[PDB]
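Novice: My file is upload_0.cif. It has mmCIF, N, CA, C and O atoms:
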data_my_file
#
loop_
_atom_site.group_PDB
_atom_site.id
_atom_site.type_symbol
_atom_site.label_atom_id
_atom_site.label_comp_id
_atom_site.auth_asym_id
_atom_site.auth_seq_id
_atom_site.Cartn_x
_atom_site.Cartn_y
_atom_site.Cartn_z
ATOM 1 N N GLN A 1 95.003 -78.053 -88.687
ATOM 2 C CA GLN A 1 94.503 -79.053 -89.623
ATOM 3 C C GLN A 1 94.742 -80.463 -89.093
ATOM 4 O O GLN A 1 93.833 -81.293 -89.075
ATOM 5 N N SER A 2 95.971 -80.727 -88.660
ATOM 6 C CA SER A 2 96.331 -82.037 -88.132
ATOM 7 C C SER A 2 96.809 -81.929 -86.687
ATOM 8 O O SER A 2 97.916 -81.458 -86.423
ATOM 9 N N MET A 3 95.968 -82.367 -85.758
ATOM 10 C CA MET A 3 96.305 -82.320 -84.339
ATOM 11 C C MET A 3 96.298 -83.720 -83.733
ATOM 12 O O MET A 3 95.276 -84.407 -83.745
ATOM 13 N N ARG A 4 97.443 -84.137 -83.204
ATOM 14 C CA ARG A 4 97.568 -85.455 -82.595
ATOM 15 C C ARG A 4 97.679 -85.344 -81.077
ATOM 16 O O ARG A 4 98.401 -86.110 -80.438
ATOM 17 N N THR A 5 96.958 -84.384 -80.504
ATOM 18 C CA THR A 5 96.977 -84.171 -79.063
ATOM 19 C C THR A 5 95.563 -84.131 -78.495
ATOM 20 O O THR A 5 95.331 -83.572 -77.423
ATOM 21 N N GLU A 6 94.621 -84.725 -79.222
ATOM 22 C CA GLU A 6 93.229 -84.756 -78.788
ATOM 23 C C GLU A 6 92.901 -86.080 -78.104
ATOM 24 O O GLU A 6 91.845 -86.668 -78.339
ATOM 25 N N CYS A 7 93.814 -86.542 -77.256
ATOM 26 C CA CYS A 7 93.623 -87.798 -76.538
ATOM 27 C C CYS A 7 92.744 -87.593 -75.310
ATOM 28 O O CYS A 7 92.458 -88.537 -74.575
ATOM 29 N N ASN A 8 92.317 -86.353 -75.093
ATOM 30 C CA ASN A 8 91.471 -86.023 -73.952
ATOM 31 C C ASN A 8 90.063 -85.651 -74.408
ATOM 32 O O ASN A 8 89.370 -84.876 -73.750
ATOM 33 N N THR A 9 89.647 -86.210 -75.540
ATOM 34 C CA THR A 9 88.323 -85.938 -76.085
ATOM 35 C C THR A 9 87.268 -86.831 -75.440
ATOM 36 O O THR A 9 86.093 -86.782 -75.803
ATOM 37 N N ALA A 10 87.696 -87.645 -74.481
ATOM 38 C CA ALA A 10 86.787 -88.547 -73.785
ATOM 39 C C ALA A 10 86.292 -87.929 -72.481
ATOM 40 O O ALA A 10 85.939 -88.640 -71.541
ATOM 41 N N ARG A 11 86.271 -86.602 -72.432
ATOM 42 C CA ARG A 11 85.821 -85.888 -71.243
ATOM 43 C C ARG A 11 84.619 -85.003 -71.562
ATOM 44 O O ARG A 11 84.525 -83.871 -71.088
ATOM 45 N N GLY A 12 83.702 -85.528 -72.369
ATOM 46 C CA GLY A 12 82.518 -84.773 -72.738
ATOM 47 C C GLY A 12 81.235 -85.473 -72.337
ATOM 48 O O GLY A 12 80.207 -85.328 -72.999
ATOM 49 N N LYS A 13 81.295 -86.236 -71.251
ATOM 50 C CA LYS A 13 80.128 -86.963 -70.761
ATOM 51 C C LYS A 13 79.775 -86.530 -69.342
ATOM 52 O O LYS A 13 79.305 -87.335 -68.538
ATOM 53 N N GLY A 14 80.002 -85.256 -69.042
ATOM 54 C CA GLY A 14 79.700 -84.740 -67.719
ATOM 55 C C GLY A 14 78.682 -83.617 -67.753
ATOM 56 O O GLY A 14 77.678 -83.658 -67.042
ATOM 57 N N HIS A 15 78.942 -82.610 -68.581
ATOM 58 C CA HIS A 15 78.041 -81.470 -68.705
ATOM 59 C C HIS A 15 77.526 -81.337 -70.134
ATOM 60 O O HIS A 15 77.413 -80.231 -70.663
ATOM 61 N N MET A 16 77.214 -82.470 -70.755
ATOM 62 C CA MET A 16 76.711 -82.479 -72.123
ATOM 63 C C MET A 16 75.190 -82.597 -72.142
ATOM 64 O O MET A 16 74.612 -83.154 -73.076
ATOM 65 N N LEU A 17 74.547 -82.069 -71.106
ATOM 66 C CA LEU A 17 73.093 -82.116 -71.003
ATOM 67 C C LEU A 17 72.450 -81.072 -71.911
ATOM 68 O O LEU A 17 71.226 -81.017 -72.040
ATOM 69 N N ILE A 18 73.281 -80.249 -72.539
ATOM 70 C CA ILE A 18 72.794 -79.210 -73.438
ATOM 71 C C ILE A 18 71.998 -79.809 -74.591
ATOM 72 O O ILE A 18 71.210 -79.121 -75.239
ATOM 73 N N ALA A 19 72.207 -81.098 -74.841
ATOM 74 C CA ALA A 19 71.506 -81.792 -75.913
ATOM 75 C C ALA A 19 70.256 -82.492 -75.390
ATOM 76 O O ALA A 19 69.897 -83.574 -75.855
ATOM 77 N N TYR A 20 69.597 -81.868 -74.420
ATOM 78 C CA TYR A 20 68.389 -82.433 -73.830
ATOM 79 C C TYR A 20 67.237 -82.419 -74.831
ATOM 80 O O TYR A 20 66.687 -83.458 -75.198
ATOM 81 N N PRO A 21 66.863 -81.214 -75.285
ATOM 82 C CA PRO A 21 65.775 -81.034 -76.250
ATOM 83 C C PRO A 21 66.139 -81.551 -77.638
ATOM 84 O O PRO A 21 67.140 -82.245 -77.809
ATOM 85 N N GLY A 22 65.319 -81.208 -78.627
ATOM 86 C CA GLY A 22 65.572 -81.647 -79.986
ATOM 87 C C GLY A 22 65.716 -80.487 -80.952
ATOM 88 O O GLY A 22 66.453 -80.578 -81.935
ATOM 89 N N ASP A 23 65.011 -79.397 -80.675
ATOM 90 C CA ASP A 23 65.062 -78.215 -81.527
ATOM 91 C C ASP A 23 66.504 -77.771 -81.754
ATOM 92 O O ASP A 23 66.827 -77.179 -82.784
ATOM 93 N N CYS A 24 67.367 -78.061 -80.784
ATOM 94 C CA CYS A 24 68.774 -77.690 -80.877
ATOM 95 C C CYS A 24 69.461 -78.445 -82.011
ATOM 96 O O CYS A 24 70.362 -77.918 -82.663
ATOM 97 N N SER A 25 69.029 -79.681 -82.240
ATOM 98 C CA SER A 25 69.607 -80.510 -83.290
ATOM 99 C C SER A 25 69.070 -80.104 -84.659
ATOM 100 O O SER A 25 69.796 -80.123 -85.653
ATOM 101 N N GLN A 26 67.793 -79.736 -84.702
ATOM 102 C CA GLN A 26 67.159 -79.325 -85.949
ATOM 103 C C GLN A 26 67.601 -77.922 -86.349
ATOM 104 O O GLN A 26 67.417 -77.505 -87.493
ATOM 105 N N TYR A 27 68.184 -77.198 -85.400
ATOM 106 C CA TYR A 27 68.651 -75.840 -85.652
ATOM 107 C C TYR A 27 70.135 -75.831 -86.003
ATOM 108 O O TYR A 27 70.593 -75.000 -86.789
ATOM 109 N N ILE A 28 70.881 -76.761 -85.416
ATOM 110 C CA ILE A 28 72.313 -76.861 -85.668
ATOM 111 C C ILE A 28 72.590 -77.337 -87.090
ATOM 112 O O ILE A 28 73.645 -77.052 -87.657
ATOM 113 N N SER A 29 71.634 -78.062 -87.661
ATOM 114 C CA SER A 29 71.776 -78.580 -89.018
ATOM 115 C C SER A 29 71.036 -77.696 -90.017
ATOM 116 O O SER A 29 71.371 -77.664 -91.201
ATOM 117 N N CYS A 30 70.029 -76.980 -89.530
ATOM 118 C CA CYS A 30 69.240 -76.094 -90.379
ATOM 119 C C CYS A 30 69.788 -74.672 -90.340
ATOM 120 O O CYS A 30 69.229 -73.763 -90.955
ATOM 121 N N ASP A 31 70.885 -74.486 -89.613
ATOM 122 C CA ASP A 31 71.509 -73.174 -89.494
ATOM 123 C C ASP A 31 72.930 -73.196 -90.049
ATOM 124 O O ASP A 31 73.437 -72.179 -90.523
ATOM 125 N N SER A 32 73.567 -74.360 -89.986
ATOM 126 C CA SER A 32 74.931 -74.513 -90.478
ATOM 127 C C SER A 32 74.970 -74.448 -92.000
ATOM 128 O O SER A 32 75.810 -73.763 -92.582
ATOM 129 N N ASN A 33 74.053 -75.168 -92.641
ATOM 130 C CA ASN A 33 73.982 -75.192 -94.097
ATOM 131 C C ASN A 33 73.083 -74.075 -94.617
ATOM 132 O O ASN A 33 73.051 -73.797 -95.817
ATOM 133 N N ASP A 34 72.355 -73.437 -93.707
ATOM 134 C CA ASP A 34 71.457 -72.348 -94.073
ATOM 135 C C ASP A 34 72.240 -71.157 -94.617
ATOM 136 O O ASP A 34 71.839 -70.537 -95.602
ATOM 137 N N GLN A 35 73.356 -70.843 -93.969
ATOM 138 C CA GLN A 35 74.194 -69.725 -94.387
ATOM 139 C C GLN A 35 75.672 -70.091 -94.301
ATOM 140 O O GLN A 35 76.461 -69.739 -95.178
ATOM 141 N N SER A 36 76.041 -70.797 -93.237
ATOM 142 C CA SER A 36 77.426 -71.206 -93.034
ATOM 143 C C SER A 36 77.581 -71.965 -91.719
ATOM 144 O O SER A 36 76.701 -71.951 -90.857
ATOM 145 N N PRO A 37 78.726 -72.643 -91.559
ATOM 146 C CA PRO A 37 79.025 -73.419 -90.352
ATOM 147 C C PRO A 37 79.268 -72.531 -89.137
ATOM 148 O O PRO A 37 80.241 -72.717 -88.407
ATOM 149 N N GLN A 38 78.378 -71.567 -88.927
ATOM 150 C CA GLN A 38 78.497 -70.650 -87.800
ATOM 151 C C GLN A 38 77.292 -70.768 -86.873
ATOM 152 O O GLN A 38 77.136 -69.982 -85.939
ATOM 153 N N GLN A 39 76.441 -71.754 -87.138
ATOM 154 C CA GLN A 39 75.250 -71.974 -86.328
ATOM 155 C C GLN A 39 75.620 -72.208 -84.866
ATOM 156 O O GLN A 39 76.458 -73.055 -84.556
ATOM 157 N N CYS A 40 74.993 -71.449 -83.974
ATOM 158 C CA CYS A 40 75.258 -71.573 -82.544
ATOM 159 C C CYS A 40 73.968 -71.832 -81.773
ATOM 160 O O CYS A 40 73.933 -71.724 -80.547
ATOM 161 N N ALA A 41 72.908 -72.171 -82.499
ATOM 162 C CA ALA A 41 71.615 -72.446 -81.883
ATOM 163 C C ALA A 41 71.734 -73.534 -80.822
ATOM 164 O O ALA A 41 72.169 -74.650 -81.108
ATOM 165 N N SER A 42 71.344 -73.202 -79.595
ATOM 166 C CA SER A 42 71.411 -74.150 -78.490
ATOM 167 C C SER A 42 70.343 -73.842 -77.445
ATOM 168 O O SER A 42 70.634 -73.739 -76.254
ATOM 169 N N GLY A 43 69.102 -73.696 -77.900
ATOM 170 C CA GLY A 43 68.008 -73.400 -76.993
ATOM 171 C C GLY A 43 67.377 -72.051 -77.267
ATOM 172 O O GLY A 43 66.153 -71.936 -77.363
ATOM 173 N N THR A 44 68.210 -71.022 -77.393
ATOM 174 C CA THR A 44 67.726 -69.673 -77.655
ATOM 175 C C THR A 44 68.860 -68.760 -78.107
ATOM 176 O O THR A 44 68.842 -67.557 -77.847
ATOM 177 N N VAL A 45 69.845 -69.340 -78.785
ATOM 178 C CA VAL A 45 70.988 -68.577 -79.275
ATOM 179 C C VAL A 45 71.362 -68.999 -80.691
ATOM 180 O O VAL A 45 72.274 -69.801 -80.891
ATOM 181 N N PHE A 46 70.654 -68.450 -81.673
ATOM 182 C CA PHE A 46 70.912 -68.769 -83.072
ATOM 183 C C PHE A 46 72.015 -67.879 -83.638
ATOM 184 O O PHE A 46 71.774 -67.071 -84.536
ATOM 185 N N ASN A 47 73.223 -68.032 -83.106
ATOM 186 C CA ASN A 47 74.362 -67.240 -83.557
ATOM 187 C C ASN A 47 74.894 -67.763 -84.888
ATOM 188 O O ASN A 47 76.099 -67.732 -85.143
ATOM 189 N N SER A 48 73.989 -68.244 -85.735
ATOM 190 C CA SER A 48 74.366 -68.776 -87.039
ATOM 191 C C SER A 48 74.755 -67.652 -87.993
ATOM 192 O O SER A 48 74.360 -66.501 -87.806
ATOM 193 N N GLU A 49 75.531 -67.994 -89.017
ATOM 194 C CA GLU A 49 75.973 -67.012 -90.001
ATOM 195 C C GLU A 49 74.786 -66.436 -90.766
ATOM 196 O O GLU A 49 74.928 -65.475 -91.522
ATOM 197 N N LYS A 50 73.615 -67.031 -90.565
ATOM 198 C CA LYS A 50 72.401 -66.578 -91.234
ATOM 199 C C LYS A 50 71.918 -65.255 -90.648
ATOM 200 O O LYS A 50 70.840 -64.771 -90.991
ATOM 201 N N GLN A 51 72.724 -64.675 -89.765
ATOM 202 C CA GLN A 51 72.378 -63.406 -89.134
ATOM 203 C C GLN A 51 71.143 -63.557 -88.252
ATOM 204 O O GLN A 51 70.185 -62.794 -88.373
ATOM 205 N N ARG A 52 71.173 -64.547 -87.365
ATOM 206 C CA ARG A 52 70.055 -64.799 -86.463
ATOM 207 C C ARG A 52 70.477 -64.614 -85.009
ATOM 208 O O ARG A 52 70.114 -65.408 -84.141
ATOM 209 N N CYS A 53 71.246 -63.561 -84.750
ATOM 210 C CA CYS A 53 71.718 -63.273 -83.401
ATOM 211 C C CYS A 53 70.548 -63.014 -82.458
ATOM 212 O O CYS A 53 70.108 -61.875 -82.296
ATOM 213 N N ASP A 54 70.047 -64.077 -81.840
ATOM 214 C CA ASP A 54 68.926 -63.966 -80.914
ATOM 215 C C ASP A 54 69.199 -64.750 -79.633
ATOM 216 O O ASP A 54 68.364 -65.535 -79.185
ATOM 217 N N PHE A 55 70.374 -64.532 -79.051
ATOM 218 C CA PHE A 55 70.757 -65.220 -77.824
ATOM 219 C C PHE A 55 70.180 -64.514 -76.602
ATOM 220 O O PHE A 55 70.455 -64.894 -75.463
ATOM 221 N N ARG A 56 69.378 -63.482 -76.845
ATOM 222 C CA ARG A 56 68.762 -62.721 -75.764
ATOM 223 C C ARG A 56 67.251 -62.628 -75.957
ATOM 224 O O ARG A 56 66.775 -62.108 -76.966
ATOM 225 N N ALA A 57 66.504 -63.135 -74.983
ATOM 226 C CA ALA A 57 65.047 -63.108 -75.044
ATOM 227 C C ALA A 57 64.548 -63.528 -76.423
ATOM 228 O O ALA A 57 63.468 -63.123 -76.852
ATOM 229 N N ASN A 58 65.342 -64.340 -77.113
ATOM 230 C CA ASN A 58 64.981 -64.814 -78.444
ATOM 231 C C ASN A 58 64.543 -63.654 -79.333
ATOM 232 O O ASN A 58 63.518 -63.729 -80.010
ATOM 233 N N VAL A 59 65.329 -62.582 -79.327
ATOM 234 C CA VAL A 59 65.025 -61.407 -80.134
ATOM 235 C C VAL A 59 65.547 -61.568 -81.557
ATOM 236 O O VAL A 59 66.741 -61.756 -81.790
ATOM 237 N N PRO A 60 64.631 -61.492 -82.536
ATOM 238 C CA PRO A 60 64.976 -61.626 -83.954
ATOM 239 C C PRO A 60 65.771 -60.432 -84.472
ATOM 240 O O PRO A 60 65.416 -59.281 -84.221
ATOM 241 N N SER A 61 66.849 -60.714 -85.198
ATOM 242 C CA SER A 61 67.697 -59.664 -85.749
ATOM 243 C C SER A 61 67.113 -59.120 -87.049
ATOM 244 O O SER A 61 67.672 -59.324 -88.127
ATOM 245 N N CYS A 62 65.984 -58.428 -86.940
ATOM 246 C CA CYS A 62 65.322 -57.855 -88.106
ATOM 247 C C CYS A 62 65.927 -56.502 -88.464
ATOM 248 O O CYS A 62 65.226 -55.492 -88.525
ATOM 249 N N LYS A 63 67.234 -56.488 -88.700
ATOM 250 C CA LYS A 63 67.936 -55.259 -89.053
ATOM 251 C C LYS A 63 67.286 -54.587 -90.257
ATOM 252 O O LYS A 63 67.261 -55.146 -91.354
ATOM 253 N N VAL A 64 66.758 -53.385 -90.046
ATOM 254 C CA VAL A 64 66.110 -52.636 -91.115
ATOM 255 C C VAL A 64 67.014 -52.529 -92.338
ATOM 256 O O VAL A 64 66.540 -52.502 -93.473
#
Just give me the structure as structure tokens.
Specialist:
Amino acid sequence: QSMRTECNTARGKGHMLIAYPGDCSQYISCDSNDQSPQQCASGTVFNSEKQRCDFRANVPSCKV
């Protein structure tokens, strides 16, 4: 809850190119509140709590 050892949070400007597109932003906000703060959408991985496990070939989790 309370961590005073995050003085190294200034090291996220090297491989943060994951935020290139925009769909990732519209999915991170449309997936977090959609079911829960478990949204993992980042291009083709909607590991959101909404049960959208499609991190592979964008396969929809249409569990019968």
Novice: I need the residue nearest residue 44 in chain A from this list: A:59, A:26, A:8, A:19. Use only C-alpha atoms for the distance.
Specialist: A:59
Novice: Taking into account only C-alpha atoms, which residue in the set A:39, A:58, A:9, A:1 is nearest to residue 25 in chain A?
Specialist: A:39
Novice: Counting all atoms listed in the file, which residue out of A:40, A:14, A:5, A:20 sits closest to residue 52 in chain A?
Specialist: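 Among the listed residues, A:40 lies closest to residue 52 in chain A.
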Novice: Can you work out the spacing between atom C of residue 33 in chain A and atom N of residue 56 in chain A in Å, to one decimal?
Specialist: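 Computed distance, atom C of residue 33 in chain A to atom N of residue 56 in chain A, equals 21.0 Å.
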Novice: To one decimal place, how far is atom N of residue 28 in chain A from atom O of residue 61 in chain A in Å?
Specialist: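 So the answer is 17.9 Å.
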